[PDB]
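Remarks on the structure that follows.
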Amino acid sequence: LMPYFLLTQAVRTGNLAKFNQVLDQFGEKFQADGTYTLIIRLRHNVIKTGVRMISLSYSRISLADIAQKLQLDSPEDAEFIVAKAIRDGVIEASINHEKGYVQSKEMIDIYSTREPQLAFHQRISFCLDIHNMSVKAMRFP
Amino acid sequence: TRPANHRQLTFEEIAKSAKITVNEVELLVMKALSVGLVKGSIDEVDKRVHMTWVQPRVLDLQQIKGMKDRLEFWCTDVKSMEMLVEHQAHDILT
Amino acid sequence: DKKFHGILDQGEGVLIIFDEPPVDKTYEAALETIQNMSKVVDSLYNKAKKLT
Amino acid sequence: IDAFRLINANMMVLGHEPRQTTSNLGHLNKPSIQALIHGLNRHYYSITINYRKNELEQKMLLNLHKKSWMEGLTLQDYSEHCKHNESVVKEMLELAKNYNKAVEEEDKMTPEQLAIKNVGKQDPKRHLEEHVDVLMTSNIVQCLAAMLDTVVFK
Amino acid sequence: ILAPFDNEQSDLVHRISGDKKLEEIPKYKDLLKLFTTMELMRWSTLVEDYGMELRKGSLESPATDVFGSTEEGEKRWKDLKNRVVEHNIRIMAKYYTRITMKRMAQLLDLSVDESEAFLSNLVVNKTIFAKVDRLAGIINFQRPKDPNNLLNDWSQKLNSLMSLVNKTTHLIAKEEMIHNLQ
Amino acid sequence: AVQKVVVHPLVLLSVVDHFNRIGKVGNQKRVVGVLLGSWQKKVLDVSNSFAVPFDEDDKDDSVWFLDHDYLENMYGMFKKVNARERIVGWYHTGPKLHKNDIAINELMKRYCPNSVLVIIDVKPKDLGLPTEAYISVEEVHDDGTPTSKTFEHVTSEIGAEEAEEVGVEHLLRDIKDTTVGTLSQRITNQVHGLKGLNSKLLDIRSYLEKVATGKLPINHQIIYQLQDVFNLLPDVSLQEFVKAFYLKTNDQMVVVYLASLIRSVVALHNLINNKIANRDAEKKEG
């Protein structure tokens, strides 16, 4: 686990070339297990973890500050990941491209939204199934 | 006259429809609530009133046609939502 | 110290005061049943998992 | 009910057995021993009976007696139904604590003994599925009946 | 009038009403009429019509008991002022939702700070509920958060509706039997 | 004045047998009889009845007859054989509210002050409760006549009793909907009462048949309620009526989610209670 557990240590963080500090140290180990072709595409998932991480923490952050923290080396596409972050739907709110700040709206009443019932309806119907399976598997005598 | 969607008129509209100034319509509607001809609420800063109940009036053979057609598509709505119940809970009781 | 509840402002000193007893009875008195029932399924190991 | 009719005590003196059974329809219902202590069967006999039933009457006592009109298109004390959804669940915790107790004393003394012994106090196991039916139908009815008035009433 | 508000005062106006011989005074028949009815015009527009009859008639000595001891009068000028500054605040809570601070002080003809001292000692008395403001001047009446009373009062409106649709149904079927019976 | 009425199933049945006994006339007869009962605690009670001889001819249908000697002596027998029992009013078989029942009530009000009537059903088909009762109120008012009197329905239900509940539940022995669980409400008032609201929406559709073609009296006092119904039509779905609805679904389903979670564990403890009785007997018994 220790080479592969050190990989997901980099995923829960927002650093970018921390992925590169793993993929040179244990790039040979991943080809022994035959899994490298899925490993190489985690950089899409590192950057969507990070842009969710930064947008939830900072409300009104300059786009010429997020790139220096993600060691992106370029503010001119630091707008552009945020464009694909909204195109995918990670963060909602707008970008003042004239000024440079990326503002985010504060969250509102998620309790009075329908969506926790969808956390229930998956599990209401599931828990009635295992009660039925406890009936169907019982009376063999 | 207004539908049941809003029926929320403003004080400026009364200043148009009764040509009376702004500083007397509140004295007017407090009389109207006191007599009992209308039942609603009064805002003062957003300059609107939420009328809820009005006194029932009479009507001729034309407003029954309004109560004809507004009643008629309420028939099939009672039909449509019940039709699920005799189809989905049919085996629950024959 | 929660003897009074509210909020304090720094710019001009505005104390937005609000109150609600939110709900406590419905969820956490139903939450502790779940961890009681977890220990029941744990005690099912001492008459089923060991036994059959 | 058991309608009766006399038999002659003169034939009781004769020792002669009356009524000359010519059909297998009499000896269907058995008499009680207490009525047999009395004059049956030395002075009277029993009669098998039934009831004349018809749509003239049978349809119009069924479809007239147990009927209601609004008991179900209405809601039920809306601030207190959810309050009653804690008035059961609160002791259902500690009743499950007894269910977190009684299974733990199994692999023990031969549970036929666990029938005679437990007659002083309440068991969890039967009482623990008792409220589950109650905490279900109180909720599933009240949730469904509220979600039809959203459709029907505007 | 001078008694503090109570349910006992709420039928005290009825116990003194229904009197054939009380209404012989045309003034005082209107006095209790003012406080059974709707809003009372400020305080100044009333005293110009009623702060003068306390000398006239053949009735002056309990009004002299109002007038004579001036410290008894000052306790009775202001308590008569106290009941009529209160008489607005009952029904303004009842018939309004959200009024400005400037509008209420104008119907009381006194200072906006003097208005705030009036609404202070009534809601620590909790006999009129109110949630005032001192930045937008926006006060509001009978405005709790209402988590549960929405669907509760909605369920009330169903049962009032369903009791009414049963009222007409057994009233139509007889009405067809008084024209086309035989 | 009167809260409600209480009808036993005996007097419910004690009209049907008389409707059979005069059913051989064929042509036309309404069953009209004397209703006996004892109203107490402002609640109208109905206990016993019989039927009085009564005929009707169609031409000039204002000629009725009550053989009051049959009303005098048989009630005198019934006052003898049950002194707790007394008169409570009258009834008629009531298909369609016949015309003589405006002064039948005034003919025999010298016995019962609140001489209540009861309209019953002989051919049962409905979705409601097929027993109807009115009350007598009179008015010198509104618009109609100087002498005006119209009947008003006080609510009606079939009361039970510990003696007769033994009888009727033995007399049914038929298709039943007992074992009230999650399903009895679904069919007594969710399958059924939604279609019960049909014949009340369709009932006011039947008065609506006069728009330009029907009967000549128009409205006056029928539309004040109909104006109110579209006015008291409930609130639209824009407010926190949306939001507080999702709020309670997010509370009522959590109790169901806990209760269903318990249902799986209990039957699993039952599963081991069959695996204790399966494996521990095949070596023992064989």
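The way I read the labels, and the way they are meant: chains A, B, ... in the order of the structure tokens, residue 1 as the first residue of every chain, and ligand 1 as the first ligand shown, with later ones counted on from there.
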
10 Å contacts from chain F to chain C using only C-alpha atoms, as a PDB file with N, CA, C and O atoms, in the first residue's frame:
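After the write, result.pdb holds the following:
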```pdb
ATOM      1  N   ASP F 251     -38.024  15.371   7.297  1.00  0.00           N
ATOM      2  CA  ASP F 251     -38.167  15.006   8.700  1.00  0.00           C
ATOM      3  C   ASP F 251     -39.020  13.754   8.866  1.00  0.00           C
ATOM      4  O   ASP F 251     -38.732  12.916   9.724  1.00  0.00           O
ATOM      5  N   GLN F 252     -40.077  13.628   8.064  1.00  0.00           N
ATOM      6  CA  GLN F 252     -40.982  12.493   8.203  1.00  0.00           C
ATOM      7  C   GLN F 252     -40.365  11.215   7.652  1.00  0.00           C
ATOM      8  O   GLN F 252     -40.616  10.128   8.181  1.00  0.00           O
ATOM      9  N   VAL F 254     -37.134  10.516   7.662  1.00  0.00           N
ATOM     10  CA  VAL F 254     -36.035  10.082   8.522  1.00  0.00           C
ATOM     11  C   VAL F 254     -36.538   9.074   9.544  1.00  0.00           C
ATOM     12  O   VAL F 254     -35.845   8.112   9.891  1.00  0.00           O
ATOM     13  N   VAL F 255     -37.762   9.280  10.034  1.00  0.00           N
ATOM     14  CA  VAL F 255     -38.370   8.327  10.950  1.00  0.00           C
ATOM     15  C   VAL F 255     -38.678   7.027  10.226  1.00  0.00           C
ATOM     16  O   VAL F 255     -38.495   5.937  10.782  1.00  0.00           O
ATOM     17  N   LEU F 258     -35.321   5.323   9.795  1.00  0.00           N
ATOM     18  CA  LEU F 258     -34.927   4.596  10.990  1.00  0.00           C
ATOM     19  C   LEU F 258     -35.755   3.334  11.159  1.00  0.00           C
ATOM     20  O   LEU F 258     -35.205   2.267  11.435  1.00  0.00           O
ATOM     21  N   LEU F 261     -34.824   0.568   8.851  1.00  0.00           N
ATOM     22  CA  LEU F 261     -33.523   0.036   9.247  1.00  0.00           C
ATOM     23  C   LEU F 261     -33.658  -0.985  10.362  1.00  0.00           C
ATOM     24  O   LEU F 261     -32.904  -1.961  10.413  1.00  0.00           O
ATOM     25  N   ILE F 262     -34.625  -0.779  11.249  1.00  0.00           N
ATOM     26  CA  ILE F 262     -34.871  -1.723  12.327  1.00  0.00           C
ATOM     27  C   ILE F 262     -35.471  -3.009  11.782  1.00  0.00           C
ATOM     28  O   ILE F 262     -35.149  -4.104  12.255  1.00  0.00           O
ATOM     29  N   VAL F 265     -32.916  -5.648  10.673  1.00  0.00           N
ATOM     30  CA  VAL F 265     -32.114  -6.291  11.706  1.00  0.00           C
ATOM     31  C   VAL F 265     -32.935  -7.330  12.455  1.00  0.00           C
ATOM     32  O   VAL F 265     -32.415  -8.386  12.842  1.00  0.00           O
ATOM     33  N   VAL F 266     -34.226  -7.057  12.659  1.00  0.00           N
ATOM     34  CA  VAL F 266     -35.089  -7.940  13.435  1.00  0.00           C
ATOM     35  C   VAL F 266     -35.280  -9.272  12.718  1.00  0.00           C
ATOM     36  O   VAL F 266     -35.129 -10.344  13.315  1.00  0.00           O
ATOM     37  N   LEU F 268     -33.275 -10.445  10.535  1.00  0.00           N
ATOM     38  CA  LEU F 268     -31.979 -11.104  10.502  1.00  0.00           C
ATOM     39  C   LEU F 268     -31.717 -11.865  11.794  1.00  0.00           C
ATOM     40  O   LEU F 268     -31.119 -12.946  11.766  1.00  0.00           O
ATOM     41  N   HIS F 269     -32.169 -11.329  12.928  1.00  0.00           N
ATOM     42  CA  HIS F 269     -32.112 -12.090  14.170  1.00  0.00           C
ATOM     43  C   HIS F 269     -33.064 -13.275  14.127  1.00  0.00           C
ATOM     44  O   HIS F 269     -32.817 -14.301  14.771  1.00  0.00           O
ATOM     45  N   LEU F 271     -33.487 -14.869  11.315  1.00  0.00           N
ATOM     46  CA  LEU F 271     -32.827 -15.784  10.392  1.00  0.00           C
ATOM     47  C   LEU F 271     -31.897 -16.736  11.129  1.00  0.00           C
ATOM     48  O   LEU F 271     -31.813 -17.917  10.780  1.00  0.00           O
ATOM     49  N   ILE F 272     -31.203 -16.240  12.150  1.00  0.00           N
ATOM     50  CA  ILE F 272     -30.334 -17.100  12.937  1.00  0.00           C
ATOM     51  C   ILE F 272     -31.172 -18.013  13.819  1.00  0.00           C
ATOM     52  O   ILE F 272     -30.779 -19.149  14.117  1.00  0.00           O
ATOM     53  N   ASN F 273     -32.372 -17.564  14.187  1.00  0.00           N
ATOM     54  CA  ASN F 273     -33.303 -18.395  14.931  1.00  0.00           C
ATOM     55  C   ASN F 273     -33.881 -19.539  14.105  1.00  0.00           C
ATOM     56  O   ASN F 273     -34.530 -20.420  14.669  1.00  0.00           O
ATOM     57  N   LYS F 275     -31.538 -20.852  11.651  1.00  0.00           N
ATOM     58  CA  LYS F 275     -30.284 -21.576  11.485  1.00  0.00           C
ATOM     59  C   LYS F 275     -29.820 -22.226  12.777  1.00  0.00           C
ATOM     60  O   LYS F 275     -28.867 -23.011  12.748  1.00  0.00           O
ATOM     61  N   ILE F 276     -30.457 -21.903  13.901  1.00  0.00           N
ATOM     62  CA  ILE F 276     -30.247 -22.651  15.128  1.00  0.00           C
ATOM     63  C   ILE F 276     -31.118 -23.905  15.155  1.00  0.00           C
ATOM     64  O   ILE F 276     -30.775 -24.877  15.842  1.00  0.00           O
ATOM     65  N   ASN F 278     -32.109 -25.530  12.225  1.00  0.00           N
ATOM     66  CA  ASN F 278     -31.822 -26.318  11.038  1.00  0.00           C
ATOM     67  C   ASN F 278     -30.619 -27.223  11.245  1.00  0.00           C
ATOM     68  O   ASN F 278     -30.714 -28.437  11.057  1.00  0.00           O
ATOM     69  N   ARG F 279     -29.488 -26.655  11.661  1.00  0.00           N
ATOM     70  CA  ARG F 279     -28.255 -27.421  11.772  1.00  0.00           C
ATOM     71  C   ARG F 279     -28.221 -28.268  13.037  1.00  0.00           C
ATOM     72  O   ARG F 279     -27.595 -29.337  13.042  1.00  0.00           O
ATOM     73  N   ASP F 280     -28.891 -27.833  14.100  1.00  0.00           N
ATOM     74  CA  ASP F 280     -28.846 -28.527  15.383  1.00  0.00           C
ATOM     75  C   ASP F 280     -29.920 -29.588  15.530  1.00  0.00           C
ATOM     76  O   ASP F 280     -30.255 -29.961  16.660  1.00  0.00           O
TER      77      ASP F 280
END
```

Subject >> At most 10 Å to chain F: residues in chain E, only C-alpha atoms, as a ChimeraX atom specification >> reply: /E:146-151,154-155,157-158,160-162,164-182

Original post:
Hey, what's within 6 Å of segment 82-97 of chain E if we count only C-alpha atoms and toss same-chain stuff fewer than 4 positions away? As an MDAnalysis selection string, please?
Top reply: (chainID B and resid 41:43) or (chainID E and resid 78 140:141)

Tell me as a compact mmCIF listing (two decimals) with N, CA and C atoms, in the first residue's frame which residues belonging to chain D come within 9 Å of chain E, counting only C-alpha atoms.
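Contents of selection.txt, as written:
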```
# COMPACT_ATOMS: atom_id res chain seq x y z
N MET D 70 -65.11 12.26 5.50
CA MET D 70 -63.94 13.10 5.41
C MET D 70 -62.74 12.51 6.12
N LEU D 73 -59.45 12.41 3.85
CA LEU D 73 -59.07 13.55 3.01
C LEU D 73 -58.57 14.73 3.83
N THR D 74 -58.45 14.55 5.14
CA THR D 74 -58.02 15.59 6.06
C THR D 74 -56.64 15.26 6.60
N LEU D 75 -55.96 16.29 7.09
CA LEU D 75 -54.66 16.10 7.73
C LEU D 75 -54.87 15.77 9.20
N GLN D 76 -53.79 15.64 9.96
CA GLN D 76 -53.93 15.21 11.34
C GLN D 76 -52.96 15.96 12.24
N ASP D 77 -53.42 17.08 12.80
CA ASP D 77 -52.80 17.86 13.89
C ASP D 77 -51.32 18.11 13.61
N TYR D 78 -51.09 18.93 12.58
CA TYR D 78 -49.85 18.89 11.80
C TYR D 78 -48.62 19.23 12.63
N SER D 79 -48.78 20.04 13.68
CA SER D 79 -47.65 20.31 14.55
C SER D 79 -47.43 19.18 15.55
N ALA D 146 -51.13 14.20 2.37
CA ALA D 146 -50.74 15.58 2.16
C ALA D 146 -50.32 15.84 0.72
N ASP D 149 -53.29 16.76 -1.92
CA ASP D 149 -53.95 18.05 -1.83
C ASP D 149 -53.13 19.13 -2.52
N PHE D 153 -55.91 20.54 -4.97
CA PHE D 153 -56.29 21.89 -4.58
C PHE D 153 -55.27 22.85 -5.19
```

Original post:
Can you list, as an MDAnalysis selection string, every protein, DNA or RNA residue that comes within 12 Å of residue 11 of chain E when you count only C-alpha atoms, leaving out same-chain residues fewer than 6 positions away?
Top reply: chainID E and resid 5 17:18 32 35:36

Subject >> Selected residue of minimal separation from chain D among B:92, B:16, B:4, B:64, counting only C-alpha atoms >> reply: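 Among B:92, B:16, B:4, B:64, it is B:4 that comes nearest to chain D.
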
**OP:** Using only C-alpha atoms, select each residue of chain F with any atom at most 7 Å away from an atom of chain B, and give the selection as a PyMOL selection string.
**Re:** chain F and resi 191+194+198+201+211+224+227+231

Write out as a Markdown table a residue-level contact list of chain C versus chain E with cut-off 12 Å: for each qualifying residue the closest pair of atoms and the distance in Å to one decimal, counting only C-alpha atoms, rows sorted by chain and residue number upward.
```
| residue | atom | partner | partner_atom | distance |
| --- | --- | --- | --- | --- |
| C:12 | CA | E:135 | CA | 10.9 |
| C:13 | CA | E:135 | CA | 11.2 |
| C:14 | CA | E:135 | CA | 8.9 |
| C:15 | CA | E:133 | CA | 10.5 |
| C:16 | CA | E:133 | CA | 9.6 |
| C:17 | CA | E:131 | CA | 9.8 |
| C:18 | CA | E:145 | CA | 9.8 |
| C:19 | CA | E:145 | CA | 8.9 |
| C:20 | CA | E:145 | CA | 7.8 |
| C:21 | CA | E:145 | CA | 10.6 |
| C:22 | CA | E:147 | CA | 9.5 |
| C:23 | CA | E:147 | CA | 10.6 |
```

Selected residues, C-alpha atoms, written as a PDB file, in the first residue's frame, please.
```pdb
ATOM      1  CA  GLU C  12     -21.001  50.898  13.280  1.00  0.00           C
ATOM      2  CA  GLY C  13     -22.061  48.565  16.076  1.00  0.00           C
ATOM      3  CA  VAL C  14     -25.239  46.873  14.905  1.00  0.00           C
ATOM      4  CA  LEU C  15     -26.667  44.082  17.069  1.00  0.00           C
ATOM      5  CA  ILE C  16     -28.822  41.883  14.868  1.00  0.00           C
ATOM      6  CA  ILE C  17     -30.870  39.984  17.452  1.00  0.00           C
ATOM      7  CA  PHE C  18     -32.757  36.835  16.508  1.00  0.00           C
ATOM      8  CA  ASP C  19     -34.243  33.854  18.292  1.00  0.00           C
ATOM      9  CA  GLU C  20     -35.544  30.377  17.533  1.00  0.00           C
ATOM     10  CA  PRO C  21     -35.617  27.135  19.492  1.00  0.00           C
ATOM     11  CA  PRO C  22     -34.548  25.275  16.353  1.00  0.00           C
ATOM     12  CA  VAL C  23     -35.418  21.614  17.032  1.00  0.00           C
TER      13      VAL C  23
END
```

**OP:** Can you list, as a list in words, all residues belonging to segment 68-100 of chain E that DSSP tags as alpha helix (DSSP H)?
**Re:**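 The alpha helix (DSSP H) residues within segment 68-100 of chain E come out as residues 70, 71, 72, 73, 74, 75, 76, 77, 78, 79, 80, 81, 82, 83, 84, 85, 86, 87, 88, 89, 90, 91, 92, 93, 94 and 95 of chain E.
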
Output C-alpha atoms for every residue in the selection just made, as a PDB file, in the first residue's frame.
```pdb
ATOM      1  CA  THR E  70     -54.093  69.009  39.561  1.00  0.00           C
ATOM      2  CA  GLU E  71     -51.761  66.180  40.567  1.00  0.00           C
ATOM      3  CA  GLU E  72     -54.808  63.915  40.421  1.00  0.00           C
ATOM      4  CA  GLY E  73     -55.527  65.620  37.110  1.00  0.00           C
ATOM      5  CA  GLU E  74     -51.981  65.078  35.873  1.00  0.00           C
ATOM      6  CA  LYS E  75     -52.407  61.416  36.743  1.00  0.00           C
ATOM      7  CA  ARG E  76     -55.678  61.532  34.802  1.00  0.00           C
ATOM      8  CA  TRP E  77     -54.636  63.718  31.868  1.00  0.00           C
ATOM      9  CA  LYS E  78     -51.807  61.322  31.096  1.00  0.00           C
ATOM     10  CA  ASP E  79     -53.642  58.081  31.822  1.00  0.00           C
ATOM     11  CA  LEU E  80     -56.377  59.261  29.483  1.00  0.00           C
ATOM     12  CA  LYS E  81     -53.467  59.958  27.151  1.00  0.00           C
ATOM     13  CA  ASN E  82     -52.098  56.509  28.014  1.00  0.00           C
ATOM     14  CA  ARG E  83     -55.224  54.623  26.965  1.00  0.00           C
ATOM     15  CA  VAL E  84     -55.537  56.470  23.662  1.00  0.00           C
ATOM     16  CA  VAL E  85     -51.868  56.167  22.731  1.00  0.00           C
ATOM     17  CA  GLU E  86     -52.396  52.455  23.411  1.00  0.00           C
ATOM     18  CA  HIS E  87     -55.655  52.220  21.431  1.00  0.00           C
ATOM     19  CA  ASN E  88     -53.712  52.808  18.220  1.00  0.00           C
ATOM     20  CA  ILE E  89     -51.115  50.176  19.081  1.00  0.00           C
ATOM     21  CA  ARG E  90     -53.692  47.397  19.549  1.00  0.00           C
ATOM     22  CA  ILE E  91     -55.241  47.727  16.105  1.00  0.00           C
ATOM     23  CA  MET E  92     -52.075  48.790  14.282  1.00  0.00           C
ATOM     24  CA  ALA E  93     -50.708  45.422  15.361  1.00  0.00           C
ATOM     25  CA  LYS E  94     -53.928  43.809  14.156  1.00  0.00           C
ATOM     26  CA  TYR E  95     -54.400  45.398  10.742  1.00  0.00           C
TER      27      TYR E  95
END
```

Original post:
What does the distance between atom CA of residue 116 of chain F and atom CA of residue 100 of chain F come to in Å, to one decimal place?
Top reply: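 Between atom CA of residue 116 of chain F and atom CA of residue 100 of chain F the gap is 14.9 Å.
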
**OP:** Kindly indicate which residue among D:83, D:117, D:67, D:53 lies nearest to chain C, using only C-alpha atoms for the distances.
**Re:**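 Smallest distance to chain C is found for D:83.
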
**OP:** Could you give me the residues within segment 6-78 of chain B that DSSP places in strand (DSSP E), as a list in words?
**Re:**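 The residues of segment 6-78 of chain B classed as strand (DSSP E) are residues 38, 39, 40, 41, 42, 43, 49, 50, 51, 52, 53 and 54 of chain B.
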